[PDB]
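Alright, two takes on the same chain below, each alone as structure tokens: structure 1 and structure 2.
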Structure 1
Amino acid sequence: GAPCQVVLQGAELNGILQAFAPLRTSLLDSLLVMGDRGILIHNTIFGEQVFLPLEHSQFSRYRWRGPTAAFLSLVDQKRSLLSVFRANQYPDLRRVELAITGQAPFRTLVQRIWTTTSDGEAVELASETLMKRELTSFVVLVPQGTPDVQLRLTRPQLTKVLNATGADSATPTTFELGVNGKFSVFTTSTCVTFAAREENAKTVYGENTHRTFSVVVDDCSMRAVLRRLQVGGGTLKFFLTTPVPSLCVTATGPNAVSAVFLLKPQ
């Protein structure tokens, strides 16, 4: 049997399908990084770092052995390993398997697909099978550490923030958290404000609300990226104790997708 085996059927397959539903085509060209803890999907959208961690526990069965494997999601520069998780690409989808075989750095992933047929017969779509050898060498740089501040925004609150975000490099935007727990985002022509609090439309729940800060971002990318990914409300995660500060926005809907934006040094 294959050393590494991944299965999605039933409830777990439904969970994954729901997670991918808002993401549309956004992740179809991506790096898949596979290890014991799950599949980390990585891409860049409008120059910004985008991640989707699919935890091992979210799969019906998950077994991994040997080193981390990385795969480009595209096979023969056409079909994607993640095309199976598009909302309506396989209407009768019933089961998906990943088998990874061979030895590093030359292992092959095989993806197999089943559809429930009349009377609930699980028939394999053999012609839709996908095969991919791992990247023989890869480097990916990944977020680490605990954020200094976390602020959870509902879908209306985040869309207000994206509207307050600057339209171009010539009109940058500032994110600030003040001594009184006032959180605010502003630029040359507009401003938005919220009352942050530790875990009523202006109330924002969070962690380390007492840690005041001011940070700036030049790019309009944060609005474009988070709309592209269809983020329906999310946690703003601020990383401040680094040479370049960073903001990670993690979605709170069906998708667990995250975009990371570099912040102007203080």
Structure 2
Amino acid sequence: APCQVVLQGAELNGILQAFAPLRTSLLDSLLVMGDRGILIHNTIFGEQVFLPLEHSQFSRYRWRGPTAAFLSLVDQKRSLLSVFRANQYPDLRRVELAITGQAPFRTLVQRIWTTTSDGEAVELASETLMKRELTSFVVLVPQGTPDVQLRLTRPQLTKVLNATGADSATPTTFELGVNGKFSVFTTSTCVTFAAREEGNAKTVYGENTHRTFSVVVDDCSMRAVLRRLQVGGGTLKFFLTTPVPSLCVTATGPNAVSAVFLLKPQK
């Protein structure tokens, strides 16, 4: 296998911890792999769900060819990512990814180990999966300057998420503040934060001082998807520099997930 990937228990614990809140969504998703790691792409409610996995997160990750794309499901209703969910198999030992073949005919073979009552061998042989290359594929990934960042904590989601979620008729009016705060007056709730960007629950502990982002969101839906991914909290990254501003909510912790949405391109 020119691109054999081995994931042992030491990193399996981290992968399982990362996937613990991801009990869904990623089951139906695309996986793009290259010389750096694995990126998981999904389109949940028209929202770009991205999960990065760097080479340092695998014990024996390796690649030799160009970028490749694999669809998780094999022969329908059998996801390659079904090993990384809750406690479907309570005896997870090791994960093997076997990429073999030529550049347009690369195939991924997944074999799963098992920590039995008196062993930690392969045992499981009927659960091995095979998936062929996606051939022609185009993937768009959000890239650009993060602009102003911020460290939003877990309790803040009770008011920054459950405020309007009702399209442009009841929008959140994504702003920071005309004086240097992070108070997003949506329509009536008027959540108030103190910003105080370095470099008190009111303070959001922001970074990369911009304090000018005030463009209204394209349409306020959010909610469910962030609720669906069970994200405790994370950093908000802005992409208003591009002609179409975007917002990226990236979780906090090892192998965090990011939800990407498009804002009003009027500016």
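We call the rigid core the largest set of C-alpha positions that still match within 1.5 Å between the two forms. Structure 1 provides the reference sequence; residues are numbered from 1 along it.
Just one of 221, 235, 43, 230 moves its Cα by 2 Å or more between structure 1 and structure 2 on a rigid core overlay, and this residue is 221. The Cα shift for residue 142 between structure 1 and structure 2, taken after rigid core superposition, is smaller than 2 angstroms.
Residue 165 shows a C-alpha shift of 2 Å or greater between structure 1 and structure 2 [criterion: core-superposed Cα displacement of 2 Å]. Shown in the overlay between structure 1 and structure 2, fitted on the rigid core, is a CA shift at residue 209 of 2 Å or greater. Overlaying the rigid core between structure 1 and structure 2 leaves the Cα of residue 34 displaced by 0.4 angstrom. Relative to the superposed core, residue 120 moves its CA by 3.8 Å between structure 1 and structure 2.
On rigid-core superposition between structure 1 and structure 2, the C-alpha of residue 10 is found to move 1.6 angstrom.
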